[PDB]
Amino acid sequence: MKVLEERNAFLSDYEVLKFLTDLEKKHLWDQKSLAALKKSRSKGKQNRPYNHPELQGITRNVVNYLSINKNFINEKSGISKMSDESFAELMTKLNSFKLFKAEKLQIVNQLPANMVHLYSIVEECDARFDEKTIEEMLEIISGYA
Amino acid sequence: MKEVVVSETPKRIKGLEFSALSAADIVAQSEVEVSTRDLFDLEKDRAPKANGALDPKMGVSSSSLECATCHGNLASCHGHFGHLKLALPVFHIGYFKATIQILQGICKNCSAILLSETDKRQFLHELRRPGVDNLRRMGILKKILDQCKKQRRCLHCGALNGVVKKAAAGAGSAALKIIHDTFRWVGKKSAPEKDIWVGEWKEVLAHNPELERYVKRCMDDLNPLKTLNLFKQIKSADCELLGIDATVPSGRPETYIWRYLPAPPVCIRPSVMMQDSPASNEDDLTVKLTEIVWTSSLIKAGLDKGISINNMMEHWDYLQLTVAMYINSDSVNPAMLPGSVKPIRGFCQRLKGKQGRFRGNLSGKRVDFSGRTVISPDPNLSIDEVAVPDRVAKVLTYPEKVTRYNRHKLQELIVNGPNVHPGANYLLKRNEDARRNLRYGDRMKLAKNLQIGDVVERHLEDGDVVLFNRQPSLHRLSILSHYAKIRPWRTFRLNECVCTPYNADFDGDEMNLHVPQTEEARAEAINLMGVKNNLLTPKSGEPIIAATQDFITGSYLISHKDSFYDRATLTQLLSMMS
Amino acid sequence: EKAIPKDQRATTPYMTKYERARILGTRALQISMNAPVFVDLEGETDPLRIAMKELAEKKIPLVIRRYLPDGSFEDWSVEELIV
Amino acid sequence: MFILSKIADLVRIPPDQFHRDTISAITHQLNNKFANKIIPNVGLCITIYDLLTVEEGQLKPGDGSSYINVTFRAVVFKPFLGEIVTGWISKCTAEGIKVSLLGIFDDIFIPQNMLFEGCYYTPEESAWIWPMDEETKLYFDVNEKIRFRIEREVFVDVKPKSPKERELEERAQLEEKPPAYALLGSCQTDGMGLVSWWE
Amino acid sequence: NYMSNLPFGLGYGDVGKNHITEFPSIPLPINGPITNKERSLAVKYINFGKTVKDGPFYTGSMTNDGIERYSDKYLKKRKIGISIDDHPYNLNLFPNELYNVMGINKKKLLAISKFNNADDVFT
Amino acid sequence: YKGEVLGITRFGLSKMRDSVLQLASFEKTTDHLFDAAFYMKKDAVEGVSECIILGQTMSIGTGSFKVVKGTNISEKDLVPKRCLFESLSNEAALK
Amino acid sequence: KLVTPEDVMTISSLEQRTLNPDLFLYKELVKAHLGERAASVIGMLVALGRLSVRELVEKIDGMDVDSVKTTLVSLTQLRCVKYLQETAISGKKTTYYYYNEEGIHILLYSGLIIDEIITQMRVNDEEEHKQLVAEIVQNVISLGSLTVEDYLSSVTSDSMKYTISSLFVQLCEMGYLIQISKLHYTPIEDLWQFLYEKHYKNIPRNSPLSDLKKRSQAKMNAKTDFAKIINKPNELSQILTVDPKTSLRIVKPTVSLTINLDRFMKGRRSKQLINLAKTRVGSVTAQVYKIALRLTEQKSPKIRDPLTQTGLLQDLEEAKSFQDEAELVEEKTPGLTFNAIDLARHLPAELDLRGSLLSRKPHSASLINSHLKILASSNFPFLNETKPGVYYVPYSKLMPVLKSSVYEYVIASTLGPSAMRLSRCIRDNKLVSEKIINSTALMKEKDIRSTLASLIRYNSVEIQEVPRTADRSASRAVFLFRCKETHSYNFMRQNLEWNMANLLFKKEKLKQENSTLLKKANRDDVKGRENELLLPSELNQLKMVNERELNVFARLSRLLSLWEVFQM
Amino acid sequence: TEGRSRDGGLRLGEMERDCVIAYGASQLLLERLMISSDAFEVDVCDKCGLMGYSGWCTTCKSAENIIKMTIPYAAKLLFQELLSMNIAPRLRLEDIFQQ
DNA sequence: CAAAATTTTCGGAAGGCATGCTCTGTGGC
DNA sequence: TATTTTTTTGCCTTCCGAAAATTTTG
RNA sequence: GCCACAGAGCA
Ligand SMILES: [Mg+2]
Ligand SMILES: [Zn+2]
Ligand SMILES: [Zn+2]
Ligand SMILES: [Zn+2]
């Protein structure tokens with residue numbers, strides 16, 4: 001085991017969520033799939049889920065973590081409802097602004113609606129953006145693109 | 001979560017790097033220092049003694065004790081080393097000739113090699129060629145030694161160098177002594193060392209004239225301590241010309257002089273139990289180790305309390321002889337020791353001969369799943385078939401792994417049991433580690449619960465590949481591969497067309513039957529060592545498996561010109577051959 | 001970089017006896033560990049005879065990597081080799 | 001938060017898995033070896049993303065399993081420095097507070113030095129108090145949603161002890177270890193702490 | 001037996017142990033307390049070791065992440081250290097094969113250290 | 001083949017063969033082993049005898065080649081997957 | 001209680017006892033001052049002798065050609081690597097790199113060198129020349145060799161530049177700074193081999209002289225050319241240049257100056273002789289001897305004759321010629337002989353000489369003559385009389401006495417005064433028996449046996465076995481004892497080298513263990529404010545670490561005072 | 001063991017080993033002389049070459065370089081005997097697969 | 001040129017080595 | 001304690017004075 | 001049980 005490169009690419013939470021939901025659909029790991037025949041149905045024979053418990057546990061934990069809302073008054077995280085077209089639109093909107101790759105990645109991962117959260121993600125907001133640009137960015141992130 | 005990724009890579013052996021252990025390497029691998037002569041303490045029902053030659057930390061010799069280092073029984077313990085510090089250094093009997101060769105190439109006054117820088121550079125250039133093999137290296141080193149012997153006086157100092165040799169070249173303590181004749185090449189040129197020598201002897205002869213007769217034989221002796229201190233100040237750049245690689249810390253001449261003796265694990269010198277319970281016989285290595293401890297303690301106590309110098313040197317020589325017998329018992333006469341006769345089995349005696357490690361346990365060794373039986377003829381067998389007795393086939397087993405293609409067969413074999421011949425003797429489950437005997441189980445629940453990865457040791461049945469061997473193996477056809485048939489008459493049976501490669505005749509001959517336990521070995525035996533694929537000897541390509549006596553004569557009588565058969569006799573003969 | 005291309009293969013195209021023995025042993029060991037077979041086995045249970053039937057009509061998925069003394073090797077498909 | 005790591009590995013496919021597709025078998029072996037495990041000096045691996053190059057399967061003499069040299073990109077959980085993240089408080093100590101990312105990684109510790117200024121811990125209520133203003137009735141209650149900022153990524157060795165020191169320790173236990181991956185949170189900026197506080 | 005014969009000086013009680021220590025017990029007289037002249041000599045040693053440690057000829061042992069942040073500005077550079085090819089070499093003292101790595105046509109700066117007058121070792 | 005007539009003896013094999021364990025297993029075991037230890041020679045495990053002694057496959061007969069199982073993975077099946085964030089993000093507007 | 005082999009391998013120096021003292025010392029010094037790459041190169045050169053760049057690349061794992069070339073440049077600038085360029089018969093040219101003890105000893109003696117420079121030129125009066133001399137010598141030692149123009153390019157004050165130039169001239173006049181050249185980078189043996197072969201070829205072919213006559217003539221020509229080449233550094237050829245403004249002597253600008261190790265070792269030998277004379281003849285007479293040795297120090301004979309390292313001692317006649325030449329140069333050198341009048345001008349004001357002598361039971365010439373006659377009439381040959389009133393130091397006859405005295409007193413301090421008595425007893429009558437020792441040296445027989453058994457372990461006493469049987473049995477043979485000087489001196493030199501190397505290894509291990517705290521404490525803002533900016537526990541650890549480092553360096557200096565006598 | 005009175009096994013001597021060598025059957029020789037007689041799983045250190053116990057090297061005092069291998073027990077016995085004779089047969093290991 | 005140091009030759013002593021496997025019985029600590 | 005036999009044969013190299021031969025000094 | 005010794009089998 002050798003690590004050719006520590007960082008090959010950056011993954012947003014949307015990409016990981018979509019990939020793991022596709023993996024759960026492929027391996028029949030979704031809550032609907034287990035509710036169908038895994039429990040409370042007799043005809044579970046000849047159709048079996050993927051046996052690996054460790055991967056199933058970690059993918060369930062990750063999908064539960066990325067599914068719930070990290071930024072709310074207290075139910076969905078928004079990236080679950082987001083699609084490829086909305087992601088591309090959000091990329092096109094945020095690329096026009098005066099932001100770095102890490103800041104854009106954190107904006108995608110967390111999707112702020114609170115104002116102080118957007119203060120926290122990008123540092124020296126007052127020394128880089130005026131109130132109009134900050135309000136425009138908050139409007140862009142508000143609709144989840 | 002928190003587990004770290006483990007990566008195990010399969011590996012083989014690329015090579016071996018022979019060397020000698022330094023003091024730090026000997027102590028580092030040690031687990032206890034042997035500092036007690038007594039093997040057992042009489043106050044604890046003859047338990048092994050702490051810091052002794054049979055210390056438990058060095059392993060266990062019985063099946064009831066614990067190692068107290070790895071906490072394992074006799075089966076699961078690899079053995080651990082101890083170390084023993086000698087009071088004074090002694091010469092290594094194995095490296096004695098190497099020590100003499102090193103001393104013959106260095107100045108005995110400043111430990112510098114007796115070579116000019118031009119010759120040194122030329123010999124290093126010869127030694128560092130890309131294509132140098134062992135023979136060329138030994139030749140270059142011999143030339144270096146011969147050139148060093150010709151150097152009458154050193155280069156860095158003006159010291160006179162004589163000839164370094166053994167004291168007597170025999171089989172006693174004098175055979176383990178090095179003398180340096182300094183004034184053998186002096187001639188009549190009035191060397192300044194000769195003036196000091198004659199001044200010394202004039203000064204000492206005024207008090208003891210009786211020594212005057214012994215002045216001629218008096219030479220500069222090289223005791224192990226002086227040799228060690230001389231080796232300690234050898235420049236590392238000159239070690240390559242003496243045959244030693246100085247790039248590693250263990251590549252120094254002083255490594256080849258005994259300072260720390262590695263006491264071997266007791267798993268390689270076990271105490272042999274006898275028929276008498278209170279007493280257990282000990283290996284010769286352990287007794288010699290205790291003797292070495294006793295002599296070194298005696299030497300140290302004599303150094304501390306100031307015993308006479310003759311006794312000191314005598315006990316030093318006794319320690320040298322004891323370590324020499326501990327390594328090679330045939331090197332020195334046991335009668336020279338005060339205690340002493342059958343010579344002990346040293347480490348050299350365990351490695352050489354037909355009964356040693358190499359020719360008795362490494363090149364050839366006892367194998368399992370083999371049988372030996374008298375042979376008798378059987379013409380009805382095919383030439384690639386040997387008949388095994390039913391009794392032998394119930395002992396020699398083949399481990400078949402349960403697959404999707406042979407589950408029912410192995411279930412039937414498990415049900416049949418160890419007594420009925422088409423059966424099995426042992427079963428090893430996939431998740432288990434110890435095979436279970438089928439002579440005690442239910443034998444019906446085991447068959448029903450036969451998994452898809454279990455290994456069942458079934459009896460030798462028909463079609464099994466067996467190696468058939470006659471012990472005077474002269475050519476490769478003396479061991480072949482046959483298909484097993486099972487017959488009830490307590491003898492091996494092979495076709496008489498096959499007894500010619502074996503050089504075997506049925507007048508009391510016994511042959512051996514090996515059963516390969518691996519699919520790869522089975523396939524290799526049946527495809528490369530088969531009787532069908534070995535019908536021609538590789539000596540000349542001529543057939544070796546063909547008609548023998550009583551088959552040539554019958555064929556000649558059939559094919560004789562006055563042999564006429566009607567249809568009844570013809571048809572009977574044709575049914576007889578098929 | 002040590003792989004000789006298929007066009008410039010210089011070793012013999014015939015399967016040696018050692019290659020046959022090693023191939024049969026490897027396939028028998030694989031079958032003994034519950035590998036799928038590509039033949040219509042007629043009640044055979046021994047892995048060796050199944051491997052022999054597999055080699056009989058060239059239905060075995062292995063290649064021979066023949067190592068030249070210099071270091072370069074040479075990949076030959078078993079079905080390509082002549083037996 | 002999540003990055004892609006390119007790793008070369010040697011996978012052992014057993015001969016009973018030959019009926020499966022080779023990509024699926026390689027991915028299954030890689031998930032046995034790597035999933036939900038700590039890659040040293042890299043982080044925590046989630047799932048094998050994809051395979052880039054696959055070599056020919058080499059066979060060891062004496063085993064029918066096929067060994068394949070496979071290069072793969074895998075999704076590994078590596079929060080970079082300065083990235084903020086939301087977790088749930090599991091337990092609070094005198095030295096600091098412990099937060100878990102909902103079962104993914106329960107090894108995040110926020111100490112006193114990087115926490116809110118003036119915070120103090122009192123055992124009876126089991127929470128940390130931050131005197132921000134006159135309305136200082138704010139508690140770092142357990143099982144609550146906190147936001148923090150990653151400041152240090154610490155790796156320690158998984159070096160085992162001596163054998164004898166292992167049986168004696170096991171015998172004493174019969175009669176806590178440093179995690180190989182850990183992160184240190186911080187609360188040195190407004191907006192960290194409880195998410196409901198900055199509503 | 002190998003055990004019967006004993007030297008005259010020794011007895012049975014004092015032999016059979018073989019405890020040779022691994023630790024020496026004969027010290028040189030150089031281990032006395034330090035003096036003022038020796039203290040000045042020692043701080044001269046320390047100063048020379050430090051000034052060779054950070055000099056142009058060190059050749060030492062044989063978090064810079066690729067991520068880009070706005071904190072890169074307002075962050076100063078560590079040090080513009082002197083390299084092996086930034087020294088006024090006397091080319092008559094060196095072999096011809098070493099000319100490639102010394103930068104024969106480059107900027108030449110002589111790194112001259114300043115002597116520390118006080119014994120700045122904290123006691 | 002070494003330039004001279006060696007002979008099939010202990011002395012001849014001591015010059016022909018540079019392996020240590022092969023010579024040690026024939027004759028003069030202790031002398032050869034101690035000479036190897038003193039001269040610190042490296043013995044490559046390539047001969048049949050030391051392969052038997054160490055218990056691994058010899059390089060003659062069935063060990064002169066390596067059996068390789070040809071994987072059926074095409075290049076088309078090994079295309080990199082979609083990495084949306086690193087592709088759609090650009091830093092043209094800083095700089 | 002019992003100590004495990006784990007504890008022995010951990011807390012003791014058993015792993016370091018298996019290392020050659022030369023290699024261990026050189027590698028430790030280079031790793032302490034330079035980096036680990038230079039340490040690897042120096043260690044490989046010590047282990048394998050001379051090597052090429054390609055051989056160093058192929059022998060050391062983890063270094064390529066450029067890295068090896070860079071570290072060879074770094075070592076060559078500090079004069080830690082000698083080199084020789086040689087051409088093969090086929091025409092290929094190869095550079096072979098050696099190791100020289102000169103640069104490693106410069107690294108080892110650096111603070112002692114700075115202290116000797118500071119003390120020797122009598123700048124003890126005030127402070128600014130203390131600063132300038134210390135900084136220029138430290139820069140010269142640290143950079144290996146530097147030019148004066150490049151040094152003065154960093155100074156902007158004209159008066160400071162003038163004082164620095166004058167101090168450089170003062171250093172060059174008294175021999176401490178010399179001109180570096182390819183002579184200091186070529187081996188002595190290779191130079192003598194080249195000269196001998198050149199003078200052998202210049203002998204005409206078919207000469208009437210035989211082979212031995214040709215060899216003798218070539219040896220004579222090689223010896224005179226070698227003497228000229230060796231003494232060429234010391235002719236003051238770099239100082240003859242005068243500045244464009246008159247009445248000022250300056251060192252040449254483009255010349256490269258280097259520190260002279262031979263002059264420093266001459267000073268160390270003078271200090272050792274003063275310390276030896278302080279134990280035999282008074283304290284005022286010791287001061288007179290000190291002034292005499294400081295005066296006749298620059299022109300004194302070198303510590304080691306380079307011709308002795310050329311491999312020429314295999315001929316006994318060459319050994320006698322070297323001894324006679326040494327006895328000639330120590331006497332007939334014009335600057336070595338001195339009178340009382342010569343020493344009268346160099347006496348200090350504090351020295352009185354007035355009431356120091358009693359004839360029967362102000363810097364005058366008679367009192368100095370009386371003191372020098374006390375020095376010359378002592379048992380140790382501190383001074384000798386050629387003609388009456390003229391004195392010279394007998395360096396050929398005084399230095400074995402110094403070596404023997406230092407060796408005997410080291411044995412006295414370590415193994416006891418009885419060890420001194422036994423060693424000197426065995427030395428005085430050369431070959432002795434146990435009974436003759438007991439009669440001649442009056443002490444108990446068991447004490448004699450124990451003491452000689454202890455002395456045998458350190459090569460002090462060698463056992464001569466005289467056998468009285470056909471087989472050399474220890475019971476029937478008779479054992480005499482002799483004392484060989486060279487074996488014991490070499491053994492103790494190696495022992496002191498190992499102790500110095502082990503001390504440096506312990507210091508480096510301590511610094512590597514406390515590296516974080518030492519890096520924190522040595523920062524620019526932290527320094528000078530350690531009490532304010534550091535915790536009390538870190539302050540106490542820094543206290544202990546610095547005290548231990550100072551003790552290590554003090555013990556190193558004391559060892560160096562005890563080890564250079566056997567390098568004489 | 002030796003002899004049918006101690007339920008012993010038959011000896012595959014030098015001549016039979018050499019005949020199997022002449023046939024070219026490497027796997028059969030490995031099975032007969034290692035698998036069926038004295039196979040032994042041992043710890044080998046990759047740095048110092050010496051063998052260890054329980055996944056631990058007593059010389060380096062670390063478990064980083066321990067590798068599981070299978071050798072004949074006679075080889076381990078020979079290595080320990082040589083180590084008792086001041087000979088160090090340090091094994092050097094390499095990967096089976098070229099990678 | 002003949003003494004004298006050096007190199008090569010020539011004997012005699014000293015170790016090392018000598019088929020494979022297999023089966024019993026007896027004796028001594 | 002001291003009288004006192006061998007119980008295969010052939011081949012081989014290394015060591016080491018002794019002696020012959022050659023070189024080298026004076 | 002260990003160690004030697006002795007005999008025997010097959011070319
Ligand atoms: Mg017969
Ligand atoms: Zn154990
Ligand atoms: Zn010498
Ligand atoms: Zn190790």
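Excluded from the calculations below are hydrogen atoms, water molecules and symmetry mates; all remaining heavy atoms, backbone and side chain alike, are included. A note on names: the letters A, B, ... follow the listed sequences, proteins ahead of strands, and every chain is numbered from 1.
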Geometric class of the F:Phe38/B:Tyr256 ring pair [parallel <30°, tilted 30-60°, perpendicular >60°]: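 Ring orientation, 0 to 90° scale: perpendicular.
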Return the nearest nucleotide to the side chain of [X]; candidates are [options].
X: B:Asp509; options: K:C10, J:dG17, I:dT6; value: K:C10
X: H:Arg11; options: J:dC16, I:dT22, I:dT8; value: I:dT22
X: B:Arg345; options: K:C3, I:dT24, I:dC21; value: K:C3
X: F:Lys28; options: I:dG16, J:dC15, I:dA18; value: I:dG16
X: B:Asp507; options: K:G1, I:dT24, K:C10; value: K:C10
X: F:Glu27; options: I:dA18, K:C10, I:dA5; value: I:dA18

Which residue lies more 5' along DNA chain I, comparing B:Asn328 with H:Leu10 via nearest heavy atoms: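 Of the two residues, B:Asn328 wins.
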5' precedence on DNA chain I between B:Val186 and B:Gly170 (nearest-nucleotide basis):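 In this pair, the answer is B:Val186.
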Will you find, in the side chains of [X] and [Y], an N or O donor that is under 3.5 Å from an N or O acceptor?
X: B:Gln349; Y: B:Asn328; answer: yes
X: G:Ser475; Y: G:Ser473; answer: yes
X: B:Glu496; Y: B:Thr548; answer: no
X: B:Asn161; Y: B:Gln151; answer: no
X: H:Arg32; Y: H:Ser36; answer: yes

So, is [X] near the phosphate of [N], with a side-chain N or O under 4.0 Å from OP1 or OP2?
X: H:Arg4; N: I:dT24; value: yes
X: B:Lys342; N: K:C5; value: no
X: B:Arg184; N: J:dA18; value: no
X: B:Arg152; N: I:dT6; value: yes
X: B:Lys354; N: I:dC21; value: no
X: B:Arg366; N: I:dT22; value: yes
X: B:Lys150; N: I:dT6; value: no

Quote, to the nearest angstrom, the [atom1] distance that separates [N] from [M].
N: I:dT9; M: J:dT23; atom1: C1'; answer: 16 Å
N: J:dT7; M: I:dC23; atom1: P; answer: 35 Å
N: I:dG20; M: J:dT4; atom1: P; answer: 41 Å
N: K:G7; M: I:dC17; atom1: P; answer: 26 Å

Do the side chains of [X] and [Y] get close enough for a salt bridge, i.e. N-O under 4.0 angstrom?
X: B:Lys288; Y: B:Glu291; value: yes
X: G:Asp211; Y: G:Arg215; value: yes
X: B:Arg350; Y: B:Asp283; value: yes

Quiz item: cation-pi between B:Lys143 and B:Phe123, 6.0 Å / 45°: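 No, cation not above the ring by the 6.0 Å, 45° rule.
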Full working for salt bridge (charged side-chain N to carboxylate O under 4.0 Å, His left out) between B:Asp133 and F:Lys2: CA-CA 11 Å; B:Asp133 58 325; F:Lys2 302 278 278 201; 3.3 Å; yes
Sugar-phosphate, base or nothing in reach of H:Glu14, heavy atoms under 4.0 Å: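 The residue H:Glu14 makes no contact with any strand.
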Sugar-phosphate only, base, or nothing, as touched by B:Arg269 at under 4.0 Å among non-hydrogen atoms: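 The residue B:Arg269 makes no contact with any strand.
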For [N], tell me north or south, taking a positive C1'-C2'-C3'-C4' torsion as north and a negative one as south.
N: J:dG10; answer: south
N: J:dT7; answer: north
N: J:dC15; answer: south
N: I:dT19; answer: north
N: I:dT22; answer: north

ring-ring contact (aromatic ring centres under 6.0 Å, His included) partners of residues 323-356 of chain B, not counting sequence neighbours, each pair once: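 For residues 323-356 of chain B: B:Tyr326-B:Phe347.
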Consecutive bases J:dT7, J:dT8 stacked per 5.5 Å and 30° rule: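 No, the criteria are not both met.
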Base stack present between J:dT4 and J:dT5, cut-offs 5.5 angstrom and 30 degrees: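 No: the six-membered rings of J:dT4 and J:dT5 fail the 5.5 Å and 30° test.
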Identified stems (criterion: three or more consecutive Watson-Crick or G-U pairs, under 3.5 Å), DNA chain J: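 So far as stems of 3 or more pairs are concerned, DNA chain J shows I:11-14 with J:13-16.
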Polar pair under 3.5 Å, donor/acceptor by atom type, side chain B:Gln275, base K:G1: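 Such a pair exists between side chain and base.
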Could you list the protein-to-nucleotides 24-26 of chain J atom pairs, N/O on both sides, closer than 3.5 Å?
residue: J:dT25; atom: OP2; partner: G:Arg215; partner atom: NH2; Å: 3.1

Residue met sooner reading RNA chain K from 5', once B:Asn503 and H:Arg6 are mapped to nucleotides: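 Nearer the 5' end of the strand: H:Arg6.
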